[PDB]
Colleague: 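My questions all concern the structure below.
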Amino acid sequence: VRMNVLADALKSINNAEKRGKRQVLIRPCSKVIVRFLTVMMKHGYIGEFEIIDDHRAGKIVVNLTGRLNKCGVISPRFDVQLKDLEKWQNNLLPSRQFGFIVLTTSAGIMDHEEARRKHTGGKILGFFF
Amino acid sequence: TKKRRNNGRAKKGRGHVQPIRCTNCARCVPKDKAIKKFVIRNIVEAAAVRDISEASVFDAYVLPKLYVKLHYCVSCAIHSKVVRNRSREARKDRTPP
Amino acid sequence: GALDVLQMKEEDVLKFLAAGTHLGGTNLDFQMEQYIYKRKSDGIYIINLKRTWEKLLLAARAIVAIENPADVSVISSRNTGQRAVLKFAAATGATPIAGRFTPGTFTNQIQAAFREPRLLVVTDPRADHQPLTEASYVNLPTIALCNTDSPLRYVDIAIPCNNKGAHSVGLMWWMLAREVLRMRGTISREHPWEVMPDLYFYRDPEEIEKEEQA
Amino acid sequence: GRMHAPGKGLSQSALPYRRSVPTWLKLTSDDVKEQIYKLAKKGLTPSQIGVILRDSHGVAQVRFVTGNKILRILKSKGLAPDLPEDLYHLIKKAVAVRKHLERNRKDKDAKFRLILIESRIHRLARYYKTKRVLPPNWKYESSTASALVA
Amino acid sequence: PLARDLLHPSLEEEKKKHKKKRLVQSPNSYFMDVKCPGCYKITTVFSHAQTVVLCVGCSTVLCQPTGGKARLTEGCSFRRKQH
Amino acid sequence: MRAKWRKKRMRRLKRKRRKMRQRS
Amino acid sequence: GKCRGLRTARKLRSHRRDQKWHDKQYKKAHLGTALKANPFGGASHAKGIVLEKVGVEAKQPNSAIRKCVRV
Amino acid sequence: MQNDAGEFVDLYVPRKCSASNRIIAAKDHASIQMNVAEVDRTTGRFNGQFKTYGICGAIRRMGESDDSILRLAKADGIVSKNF
Amino acid sequence: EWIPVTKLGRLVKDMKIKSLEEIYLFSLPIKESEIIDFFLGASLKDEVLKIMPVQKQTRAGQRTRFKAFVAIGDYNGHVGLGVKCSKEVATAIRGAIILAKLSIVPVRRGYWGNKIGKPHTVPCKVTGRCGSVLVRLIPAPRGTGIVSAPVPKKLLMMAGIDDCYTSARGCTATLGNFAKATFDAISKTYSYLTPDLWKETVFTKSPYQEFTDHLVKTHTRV
RNA sequence: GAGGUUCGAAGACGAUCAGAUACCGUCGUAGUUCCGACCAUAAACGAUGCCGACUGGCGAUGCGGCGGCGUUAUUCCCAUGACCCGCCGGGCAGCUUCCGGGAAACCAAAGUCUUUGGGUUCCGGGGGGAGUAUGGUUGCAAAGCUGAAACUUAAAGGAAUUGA
RNA sequence: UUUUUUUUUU
Ligand SMILES: [Zn+2]
């Protein structure tokens, strides 16, 4: 009934910030999601977060600074390579000054700038700016 | 577009309503959608009551009342002059006074 | 106000209890629940008196912040608050408006009634919807004597109170007046203010005539 | 939501976070298994074997107390019925529907429900075929359903 | 209210909410020990009971499930164990 | 053409068409 | 809503081809019926024989008699 | 705001709300900048110091300004901790 | 030869306000065109877009009123648009320029790719809505120019943006919705929360409190 | 195939007008009733797909479960009923509301939609020709399901503005 | 109790 769990997490986070609140309550929790939030840590688009261990897929509480405009998902995990990764940037990112496209590189979950430095692509997962 | 949110009748929940004949033209219309009013009319006209009263044997104990159910569909509700057309904010009203 | 010189006293508790500022009404607002302790058996939600003092002090800080008393306004539609509105206008220099608030006072710059206050205090958002809506176009900070059901639309700060009560309205206006005068140094904090709070109370014309005749 | 019903129900078992056996439970794992055996010889389905063990006796979770599931204890010994209990009762309910069906052929509400319940077996039996619970050649038919139940 | 304590919701609000949707999902039911008049044996009955609980020594029923909590008899006293 | 009685006329033109093909 | 899965490309090409039979430009050209129906037969010019000289009335707003030739 | 040469190249720097942390529109005519005056601990009289509170028009227009100020002042120490 | 009638207008006449940038900061409504005329009157140009003779049909008939669009911009950093419907062609044109100047809004500019040189494009690709028209401004490399309809092309140059690409979804034939939708997008650029705006804003004294004694002196005189 | 009580296609008779093949009235067959097999259509309209996450509130109704000051009947106790105050989950729902979106009318979904991707089915591609021709299939028939092309047109449309 | 039509672009 729930095909994607990162797509829901990124949508509910976006729905919270648009209202203007301070925290979010994510019913599910996947290690894919937390590896997405660690990129959010380093780029400074949300604050710290905690994982409630309820023995059932976990729960996430996330604190927000209201610094994020939109965070989205590409539910089909498209096989992005180094040739077309630049194309996704000009198709998805609001500008080259900021914003990040995150993708599951074989080296781990990394942002697109780290992917170019590692010379490794992967499957696209989502974006934020 | 929808002139009326109600779509004229009061039936929003159920699928069907049994029809009732119109009084002025004898046309079948759903009950909930028709203009239905209770009419109480004295048997005798207020001006004419006195002529009967004077000839009345009773020690002022008889006052018969005629009560008749009234049902008009909408095509001739207007002709009767009842339900005169309302203003754009006018429609959203109720009983009237 | 967390300072000890500004802490709670006893004579204020008596005034709040007597005027009936702490009963409010039955209708509870979702954004006003944090100012309610609990409810009675009649649905009357008792307003926490610590919160009334804190929002009175925070409001008072906003008033003393302005340096030109002539650049603050006071508006009253209900006649119950008109007398207190007028007294507060004369005591601290606020500009008084009464009766019907003519449209275009804040937005229309042409007519002679055009006012551009830097601060306005509002007895009740419900009765003063028109000045608050007109306040939305001149970014005019406002202080609202909020009720348990007062619509906090275009409000900036709220003081819990009972706007329905005639005595509750007048007491609070005198109390904000006493605080701001204590804070600004014109009236000393070491002695009680010499004017009775009843100068802010609006009395019905029939009761006024009876008292004058007697 | 529900499989064949438009019900957005929300009622299941909210097991506590504390997996440990409560201290006040003055019961042994051997006695829990023995009470399981007494219910097993009587001829009771494990769904109400666990229910009886919860309402009376005083066991919160058989799995928590011992470490193995009720069907797993019965299957290791070998007395558990071959047909899974959930698969069994659906056939019984469909049997009950068909008894009323041949009594009254005009009930088209019963015919629709029977078709619904039939496919409830069919999807379940396909999964059991993949997981080797029942032989792959096992099939469910209206004629042999009466033999399957009881 | 823009900010409400999701990490530490109040105990009053947590007990007020459903058994689901909580910080950690927990039963609303409990265990409680039975003492029936005329009997010495102590039984264990779990809240929200659905089967007949008959005392062996007393030879009398203790609680009849009538929906929700098992409505016990008149004389028997309840003592909720383990909080 | 009212919607319904255009449909009636098309049906009656169709019925005439079928009888012509049947006799031929 | 429209399918997005990564292994539905055949469905995408089929849904686009079976919905391409729904626009007056594509279906007109790729059925082979329009070319068989125009008198030109796909011809930008044609050599014909002038048969008759006729005068055709203009449309409703214009009262004119154009000079057409039946060829 | 800054080019690669290090120069500060921009027209201006608009303020923000202290609660929503969102840019206040230059033509947002419902956004306030409320000043809260401060007093000495003992004297209780105005000392010429004030604390600013920027509120965007939308937050006030929705109804969260009253809660935002209370949280901010309490954090700043103006509002008593035992609120 | 102009008399102020409001607080902000008086501050402009007596040179207590440096420019309009401080005004944008405090989100104070502007209600005089003399503020803009004094500041950038020597570098502001205006261009009328369309005058469609709208009318009405009553028991008397058709009487046309003229509508006037005009954008006012210094071609450097400040543009705004205004509309005016009246009975005469010139009256509509003149007043619409007053309103367009009155509603001028800052145009925030940025860099594309390399940050060297002067700003020429948008900080990021941005959207604005008016009716069904969705105008999307897309950052462009240096030296490309404006890719848009002729009227928004004039509006973007009037705003001062050198290079732009534009994509529009909706009935762009409606000029008013077209210009208003791109202006909403342009007004969304400086309202857009970019990482370089994450730095905490140091609150500055409002012009009212910074200049209060002068305000009282002038108001008592008037 | 059972009887036609009441209504009531077709039809008849009586009024109204220049015509009335109709409205009105009186009958009235088939039908309206039950049973078996067909027929599968409607404005089968919420003119508004299903599954799943997030996404304000206020006064109410149904069910079930939980707590209680009190009123009231079984009574003499609990208990069982019933009213009032709430809480929790599943609902049919208003009403206000600058959440929001929409062309607007209007709608917490008709929202989270260019700052465009939760899964997927059916289904539309300017207006006519045309739900037509032909083929196939169902039906006792009437007709239903599937379903073109040639040719022709610059508008047909939706909402809203003021008059009449 | 009824009262049909009215003309071609401009
Ligand atoms: Zn009628």
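Within every chain, numbering begins at 1; the chains are lettered A, B, ... in the order of the sequence lines, protein sequences first and strands thereafter.
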Colleague: For J:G86, does either OP1 or OP2 sit under 4.0 Å from a side-chain N or O belonging to C:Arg39?
Modeller: yes
Colleague: Would J:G89 be called syn or anti here, given the cut-off of 90° from 0?
Modeller: anti
Colleague: Mind checking whether J:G136 and J:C23 form a Watson-Crick or G-U wobble pair, both distances under 3.5 Å?
Modeller: no
Colleague: If the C1' atom of J:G139 is compared with that of J:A37, how far apart are they to the nearest Å?
Modeller: 13 Å
Colleague: I want to confirm an ordering. Mapping G:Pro39 and E:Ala70 to their closest nucleotides on RNA chain J, which one lands closer to the 5' end?
Modeller: E:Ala70
Colleague: Would you tell me if any nitrogen or oxygen in the side chain of I:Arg129 comes within less than 4.0 Å of OP1 or OP2 on J:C113?
Modeller: no
Colleague: Can you confirm whether J:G56 and J:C113 pair in Watson-Crick or G-U wobble fashion, both distances under 3.5 Å?
Modeller: no
Colleague: Is A:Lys70 side chain donor-acceptor paired with the J:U112 base, going by distance under 3.5 Å alone?
Modeller: no
Colleague: Hey, would you call J:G136 and J:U137 stacked, ring centres under 5.5 angstrom, planes off by under 30 degrees?
Modeller: yes
Colleague: Between J:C95 and J:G57, is there Watson-Crick or G-U wobble pairing, both distances under 3.5 Å?
Modeller: yes
Colleague: Indicate the atoms forming the closest heavy-atom contact of A:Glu17 with A:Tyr45, along with that distance.
Modeller: OE2-O, 4.1 Å
Colleague: Give a yes/no on whether any side-chain N or O of F:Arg17 is located under 4.0 angstrom from OP1 or OP2 of J:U134.
Modeller: no
Colleague: Mind checking if J:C76 stacks on J:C77, six-ring centres under 5.5 Å, planes under 30°?
Modeller: no
Colleague: What's the gap between J:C145 and J:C39 when it is taken at their P atoms, as a whole Å value?
Modeller: 13 Å
Colleague: Return the pairing partner of J:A44 with a 3.5 Å limit on both distances, Watson-Crick or G-U wobble; otherwise return none.
Modeller: none
Colleague: Answer yes or no: does atom NZ of E:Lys20 have more than 12 heavy-atom neighbours from other residues, nucleotides or ligands under 6.0 Å?
Modeller: yes
Colleague: How do E:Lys69 and E:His18 order along RNA chain J: which one's closest nucleotide is nearer the 5' end?
Modeller: E:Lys69
Colleague: Can you tell me, in whole Å, how much space there is between the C1' of J:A105 and that of J:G158?
Modeller: 10 Å
Colleague: Between J:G111 and J:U116, how far apart are the two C1' atoms, rounded to whole Å?
Modeller: 15 Å
Colleague: Considering Watson-Crick and G-U wobble pairs with both distances under 3.5 Å, what does J:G117 pair with?
Modeller: none
Colleague: Could you measure between the two P atoms, the one in J:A93 and the one in J:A155, and give it in whole Å?
Modeller: 45 Å
Colleague: For J:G147, which nucleotide is its Watson-Crick or G-U wobble mate, given both distances must be under 3.5 Å?
Modeller: none
Colleague: Please state whether the phosphate of J:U116, meaning OP1 or OP2, lies under 4.0 angstrom from any side-chain nitrogen or oxygen of I:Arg136.
Modeller: no
Colleague: Is the phosphate of J:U116, meaning OP1 or OP2, less than 4.0 Å from a side-chain N or O of G:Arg4?
Modeller: no
Colleague: Would you say E:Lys19 reaches J:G65's phosphate, i.e. side-chain N/O to OP1/OP2 under 4.0 Å?
Modeller: no
Colleague: Please measure how far the P atom in J:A20 lies from the corresponding atom in J:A2, and state the result in whole Å.
Modeller: 45 Å
Colleague: Is J:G86 the Watson-Crick or G-U wobble partner of J:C66, both distances being under 3.5 Å?
Modeller: yes
Colleague: Going by a 90° cut-off around 0, is J:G90 syn or anti?
Modeller: syn
Colleague: Under 4.0 Å between a side-chain N or O of B:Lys3 and OP1 or OP2 of J:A105?
Modeller: no
Colleague: Any donor-acceptor pair, under 3.5 Å, between the side chain of A:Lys11 and the base of J:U115, if you only look at N and O atoms?
Modeller: no
Colleague: Hey, do J:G101 and J:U114 pair up, Watson-Crick or G-U wobble, with both distances short of 3.5 Å?
Modeller: no
Colleague: Is there a Watson-Crick or G-U wobble pair formed by J:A2 and J:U33, both distances less than 3.5 Å?
Modeller: yes
Colleague: For J:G129, does OP1 or OP2 lie under 4.0 Å from any side-chain N or O of F:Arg6?
Modeller: yes
Colleague: Is it the case that J:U55 (base atoms only) and A:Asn15 (side chain only) share a donor and an acceptor within less than 3.5 Å, ignoring hydrogens and angles?
Modeller: no
Colleague: So J:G25 and J:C13, Watson-Crick or G-U wobble pair with both distances under 3.5 Å, or not?
Modeller: yes
Colleague: Do the six-membered rings of J:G81 and J:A82 sit on top of each other, with centres under 5.5 Å apart and planes under 30° apart?
Modeller: yes
Colleague: Any chance you could measure C:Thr148, atom OG1, to C:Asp29, atom CG, to the nearest 0.5 Å?
Modeller: 9.0 Å
Colleague: Would J:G81 and J:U72 count as paired if we go with Watson-Crick or G-U wobble and both distances under 3.5 Å?
Modeller: yes
Colleague: I'd like to know if the side chain of B:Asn7 pairs up with that of B:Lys2 as donor and acceptor (distance under 3.5 Å, no hydrogens or angles considered).
Modeller: no
Colleague: Below 4.0 angstrom, N of the basic side chain to O of the carboxylate: do A:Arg27 and A:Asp8 qualify?
Modeller: no
Colleague: For J:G68, decide between syn and anti, treating a glycosidic angle within 90° of 0 as syn.
Modeller: anti
Colleague: Mind checking if J:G139 stacks on J:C140, six-ring centres under 5.5 Å, planes under 30°?
Modeller: no
Colleague: Hey, is the main chain of A:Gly66 close enough, under 3.5 Å, to the side chain of H:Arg22 for a donor-acceptor pair?
Modeller: no
Colleague: Show the numbers, then the answer: is there a side-chain contact (heavy atoms from CB on, under 4.5 Å) between F:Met1 and F:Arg9?
Modeller: CA-CA 10 Å; F:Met1 269 327 187; F:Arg9 152 179 177 169; 3.5 Å; yes
Colleague: Identify whether the glycosidic angle of J:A108 places it syn (within 90° of 0) or anti.
Modeller: syn
Colleague: For nucleotides J:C23 and J:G8, find the distance between their P atoms and express it as a whole number of Å.
Modeller: 12 Å
Colleague: Below 4.0 angstrom from OP1 or OP2 of J:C99, is there any side-chain N or O of C:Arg153?
Modeller: no
Colleague: Are J:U137 and J:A160 a pair by Watson-Crick or G-U wobble criteria, both distances short of 3.5 Å?
Modeller: no
Colleague: What are the two closest non-hydrogen atoms of I:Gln62 and I:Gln57, and how far apart are they?
Modeller: CG-OE1, 3.0 Å
Colleague: Using both distances under 3.5 Å as the test, list the Watson-Crick or G-U wobble partner of J:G89, or none.
Modeller: J:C63
Colleague: P atom, J:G147 versus J:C123: distance in rounded Å?
Modeller: 9 Å
Colleague: Charged N to carboxylate O under 4.0 angstrom, I:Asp184 versus I:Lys180?
Modeller: no
Colleague: Centres of the six-membered rings under 5.5 angstrom apart and planes under 30 degrees: does that hold for J:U74 and J:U75?
Modeller: no
Colleague: Hey, is the side chain of F:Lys14 poking within less than 4.0 Å of OP1 or OP2 on J:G131, counting only N and O atoms?
Modeller: no
